[PDB]
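Okay, so here's just one chain, in structure tokens, the form deposited without the ligand.
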């Protein structure tokens, strides 16, 4: 008696935001395939994060039952009762991705992580009185957006690049010119194919209303724009939290194929839903249900990022290794 086309993950503790992120990464099809190509054949099943992530993805791809993640949590060492509460998604993500990005070094799939998530920035400082400016290019794999006092994602972005004033006791150490008054701000050089945006709702938990669109145009927050690739993004996933600070239930809504057809992933339960329930209903009310992380995929990168994944895309040597574990556990 089944349906959706997708299977869920099992509830095994206060993993909190974990399950949502796992589903989010699994449907980043280009990322999934790259993981399956990792040289884990010689790794230790209970100490290898790369191998643990492969296992979950394989399970999520084949299994007809909810998937477990115990070997995964043991993998990165987050096993204490509140180990996931004292961390945020932004940190979990760096754990997994940083581990996978490094394991792919020396392979045919090396650099898949940066290609998908890394973007370029530029932080500057300009002195008011004296002529001195300092430039520093930066790399980022995600964006933390201020939400308190903002209506939509557009104002958060307006505020993000806003010029900052450095004055008396804020005065900038200009070295040879001694302390000075100056401005500091940021400007975007590039925006990645997959955009990880975390909404700064936790600092407390801010449940004010905050709107985000299905289609997001960022072309204007970029230094130089370039036709043939307007920075227009398509909403892929909405990571939702319900309740107050330490009172919760985490869920995620995704339209996996980028076709506008959404589903709700509530741990082991996966069901179809409307756009409104995934988008508008999660803007925040005047009622605590809402989104804390959004995922957008560039309109021009949608096809490649959402590449169809086949059973053959998983190395036979991996397939067998995983399949044997199923037998060992079947004989239990």
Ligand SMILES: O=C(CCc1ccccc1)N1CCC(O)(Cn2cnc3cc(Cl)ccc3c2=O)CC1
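Definition used throughout: the rigid core is the maximal C-alpha set that superposes within 1.5 Å between two forms. Positions refer to the first chain, counted from 1.
Quick note: we don't show the form deposited with the ligand bound, though the next part is all about it.
Contact with the ligand in the bound PDB entry, judged as any non-hydrogen atom within 4.5 angstroms, is confined among 228-236, 212-220, 67-75, 83-91 to 83-91. Across the proposed site, 259, 263 and 302 without exception lack any heavy atom within 4.5 Å of the ligand in the bound PDB entry. None of 144, 126, 190, 165 but one reaches within 4.5 angstroms of the ligand in the bound PDB entry through a heavy atom, and that residue is 144. Note on the partner interface in the bound PDB entry: the residue among 171, 148, 120, 205 having a heavy atom within 4.5 angstroms of the ligand is 205.
At the 4.5 Å threshold, heavy atoms of residue 246 reach the ligand in the bound PDB entry.
Within this chain, residue 154 is remote from the site of the ligand in the bound PDB entry, having no heavy atom within 4.5 Å. Proximity of residue 198 to the ligand in the bound PDB entry: non-hydrogen atoms within 4.5 Å are present. The closest non-hydrogen atom of residue 27 lies beyond 4.5 Å of the ligand in the bound PDB entry. Residue 250 is the only member of 250-264 with a non-hydrogen atom no more than 4.5 angstroms from the ligand in the bound PDB entry. 245 is the only residue from 144, 245, 152, 242 whose Cα shifts by 2 Å or more between the shown form and the other one, the rigid core being superposed. Remark: with the core as the superposition reference, the CA shift of residue 259 between the shown form and the other one stays below 2 Å. Once the cores line up, the CA of residue 220 ends up less than 2 angstroms apart between the shown form and the other one. With the core held fixed, the Cα of residue 98 is displaced between the shown form and the other one by less than 2 Å.
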